[PDB]
There are 2 protein chains.
Amino acid sequence: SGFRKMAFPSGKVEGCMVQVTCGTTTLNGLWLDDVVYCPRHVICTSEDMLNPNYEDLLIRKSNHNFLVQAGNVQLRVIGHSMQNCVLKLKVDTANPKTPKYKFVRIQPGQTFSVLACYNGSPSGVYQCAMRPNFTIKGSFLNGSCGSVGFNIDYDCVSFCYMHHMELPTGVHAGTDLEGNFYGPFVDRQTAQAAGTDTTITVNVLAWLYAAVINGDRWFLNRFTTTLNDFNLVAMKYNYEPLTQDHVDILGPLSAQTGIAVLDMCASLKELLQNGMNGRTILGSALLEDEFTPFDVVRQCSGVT
Amino acid sequence: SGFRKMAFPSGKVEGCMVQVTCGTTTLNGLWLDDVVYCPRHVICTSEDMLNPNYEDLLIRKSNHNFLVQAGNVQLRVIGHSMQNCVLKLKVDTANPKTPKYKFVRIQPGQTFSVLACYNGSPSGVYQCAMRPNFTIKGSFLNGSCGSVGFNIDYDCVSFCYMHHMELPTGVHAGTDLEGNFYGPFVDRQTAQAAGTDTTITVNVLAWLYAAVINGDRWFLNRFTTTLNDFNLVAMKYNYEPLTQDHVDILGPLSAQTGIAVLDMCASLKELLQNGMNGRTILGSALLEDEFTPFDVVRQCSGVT
Ligand SMILES: *CC(=O)Nc1cccc(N2CCCC2=O)c1
Ligand SMILES: *CC(=O)Nc1cccc(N2CCCC2=O)c1
């Protein structure tokens, strides 16, 4: 029993983290096969970040200017190219610890683990969600850029995130491993504000299932609702519209608990309208939206 | 910026996890040097657990009855002994991935990372605290026993916890790596209830410092208090008495923020008396008590 905000084991990703230095900028790179991936802003001074022309800035950089260090051993850079907002540094040595991997571009509402690194060294691991506004709520200091987000399916790491920047509101923006930003964000130090942080309705419902499975049941009520009725209440509280797709995704948790998805929607409706009344659900005083239905099934069944 | 419930990177511990089978019971073992550590209840049937005599049960077990598997390779057991509530299985092969390690017995209020495993395979990593009632609030299914809790100081893993049992109230009890239970708990399936889950005052104050450092400041007020005055309010709300030792431990965070510990105590007092009023602090709707002052400094400074 018990339900915890749970990251993937970080070992496979720890083995891929390197230090990248260009001039006075040190951040992290991801070493897979003979390629090190890092944010292209490694080449920028903080002054550059105001209005950088990356193609022009990059012309002044040679292979020997990219200092790549795996623990205490230097890697030889034999090539470099810019792909969107990442640099791919070709090194002469394949990472012997390269796990099976994919690059995946995730959807908002999807969760992933971040291995926070500084100077190519792991500091910690925490679970995130791609927010509906395409930000993440991370923990990232200067030097943490190039830290990656990932999922693991058995032995295959799916990298979905590289950390690039902090918005003045303390939320985080980054790219997939092809270097495309999630959402409208740019690697420039400019006026970028996040849109509405809407709550991931399908994840809250998943987490309400996890609560019932783990003994927290006080919020179950005698009511049901319809998608359309629920969605009126969703709109009012800046929750994502619930779709039949979301209902279908919750089917296994419905089946396991014997609570119809729409009945759980009616519970969530009363919770939105009436609050917690100073009660908690799985040790939380608000509705948690960074567990996917897949996360709930994984944790509740003990997948490794 | 940003502050997250953050586990240690699990790689060093992943390298130590093995499967232990005795008869029909499979759980996890910790392989350090040529010793595998696992809960002594590996030798019990669920029927045994009602009133087990471990010395007597153990007499019927030989080295060849302890099936120890690291990934897909079997380890030869050349010795076995019981130390308190753990078994030490001597194997003929030193774990080549043994990190630098210590066994430490932690105090209540101290935090640690758990690597949840099933069948010697990592499922996930989350941060815990030894509760003042000597329980932890974990995520543990059948097969997760022998999962360990740890801290890392640079390159040295300090193992503090092995998971042994779930109380009927869904909270968790276990041992240090010498096999001594935290608190009054026994590896018997019996009437064991947890005492009062008191809140770790010093950790809440640490976390209020982390909030101020990361921009969440609405709860700062014009008031101060005394240890004795604060402790009246602590008593009422089942918070640990705040000691001068706790005040001294918060000194660095006080210095960094310029908020006197007793002024932060006065903030915490108003929060206890008046609630959050539907506001959040570092994305939480309750007062978080599973960050130590050390955790806050580590995360806020980017220690690796
Ligand atoms: C994105 C990131 O991590 N930025 C970064 C890397 C290295 C150094 C910095 N600094 C140091 C102080 C000024 C600054 O931006 C930032
Ligand atoms: C402590 C722990 O993990 N217990 C454990 C290990 C292996 C198998 C079990 N089971 C399976 C179903 C009944 C039972 O107790 C428990």
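Counting starts at 1 for both ligands and their atoms, following the listed order. Labels below follow one simple rule: chain letters A, B, ... track the order of the sequence lines, proteins then strands, and each chain is numbered from 1.
Evaluation of the salt bridge (charged side-chain N to carboxylate O under 4.0 Å, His left out) test over residues 7-29 of chain B, restricted to residues two or more places apart or in two chains, returns none. Contacts classified as side-chain hydrogen bond (donor to acceptor under 3.5 Å, both in side chains) and involving residues 140-150 of chain A (residues at least two apart or in different chains) are not found.
A donor and an acceptor atom, one from each side chain of B:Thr45 and B:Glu47, are located under 3.5 Å apart. Side chains of A:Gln19 and A:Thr26: no donor on one and acceptor on the other come within 3.5 Å. Counted by atom type alone, B:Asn63 and B:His80 present one or more donor-acceptor pairs between their side chains at under 3.5 Å.
Around atom 11 (C) of ligand 1, the closest heavy atom drawn from A:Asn142, A:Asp187, A:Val42 belongs to A:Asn142. Comparing A:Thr21, A:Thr24, A:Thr26 against atom 7 (C) of ligand 1, the shortest heavy-atom distance belongs to A:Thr26.
Ligand 2 has no nitrogen or oxygen under 3.5 angstrom from a nitrogen or oxygen of B:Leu27.
Of all non-hydrogen atoms in B:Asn133 and B:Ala194, the two that sit nearest each other are ND2-CB, 3.5 Å.
A:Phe103 and A:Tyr101 have their aromatic ring centers within a separation under 6.0 angstrom.
Distance from atom 2 (C) of ligand 2 to its nearest protein heavy atom, with residue and atom name: B:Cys145 SG, 2.8 Å. Of all protein heavy atoms, the one lying nearest to atom 5 (C) of ligand 2 is B:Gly143 N, 3.7 Å.
Contact atoms of ligand 2 toward B:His41: 1 (C) (distance under 4.0 Å to a heavy atom of the residue). In summary, the atoms of ligand 2 found under 4.0 Å from a heavy atom of B:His164, numbered by their order in the structure, are 1 (C).
By the criterion of a heavy-atom distance under 4.0 Å, the backbone of B:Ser144, and not its side chain, is placed next to ligand 2. Under 4.0 Å from ligand 2, not a single heavy atom of B:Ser46 appears.
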